[PDB]
């Protein structure tokens, strides 16, 4: 059971298209920072570690951001509007913050389509999607509607429903795809392809995204005394298992995204998506709309 032993939740590094910070409470002093901060934020780790978050935030946005980070309803406040100011120039980010194992983690991803009406695309996506899912008359139609919808919103080359059986083996029961992607519909795979510790994690954190499998992991630096491993179980930017990156590579997949499907509190399956020849940095609104449809499908597994 070597597969089941890799501690995927404490890799010590993140996917470098975003930045990860850890903040003290209540002061919001930065105790950790991913080392790709120069490229993404325009500041080095030395400038960041030990500094209060506010020193880097555009002032008209400072108070509210800080109030949100200190709030107990943090989970319901995401995404946070983070405007990072360095040398009189502003960079914009969606901040996604959460608390886990006593740490306050703030992940920053570059803001997309800043000219679009914010959240209008989420609004249409979940409204149109919900009606499509409600029209399904049975489990197969539900599965088909979901993959069609997710592929439509994301542009992924392939989207499937992967269903687990009683021994945790899986089966591709529905598939939507572009013609350039080989069909995986009907294939069954052994349980070890998604090992135990991964399934346990995916029962708790329902989303994972890997916009490119070729990336340099960015180590998370910390202040002296704060170097114990950082539990990234709920971190959107968590660097993923290298063994899994090889599996995608061998499968001919350049990018991936999956969403847990839950039933009676247990992992029932996944919505799994692949981009076969190119990257896929899915915008936040789209990604979150897909998670939402996943929750809806999960709620309907009891019925259909």
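Positions refer to the first chain, counted from 1.
Per the PDB record, is the mean Cα temperature factor higher over 112-120 or over 171-179? Mean CA B-factor is higher for 112-120.
Mean C-alpha B factor from the entry: is it higher for 234-242 or for 61-69? Comparing averages over the C-alpha atoms only gives 61-69.
Looking at 104, 198, 74, 161, which has the highest Cα B-factor in the entry? Of the candidates given, the C-alpha B-factor peaks at 74.
Whose C-alpha has the highest temperature factor in the PDB entry: 190, 88, 155, 217? Highest C-alpha B-factor among the listed options: 88.
Sorting the chain's modelled residues by C-alpha B-factor, tell me whether residue 81 ends up in the lowest, middle or highest third. Highest third, going by the recorded CA B-factors of the chain.
What third of its chain, lowest, middle or highest, does the C-alpha temperature factor of residue 151 fall into? Its C-alpha B-factor, which the entry lists for residue 151, ranks in the middle third among residues of this chain.
Just say lowest, middle or highest third for the CA B-factor of residue 8 relative to the other modelled residues in its chain. CA B-factor rank for residue 8: lowest third.
Position of residue 226 among the chain's modelled residues by C-alpha B-factor, lowest, middle or highest third: For residue 226, the deposited C-alpha B-factor lands in the middle third.
For residue 139, the third of its chain into which the C-alpha B factor falls: Highest third of the chain for residue 139's C-alpha B-factor.
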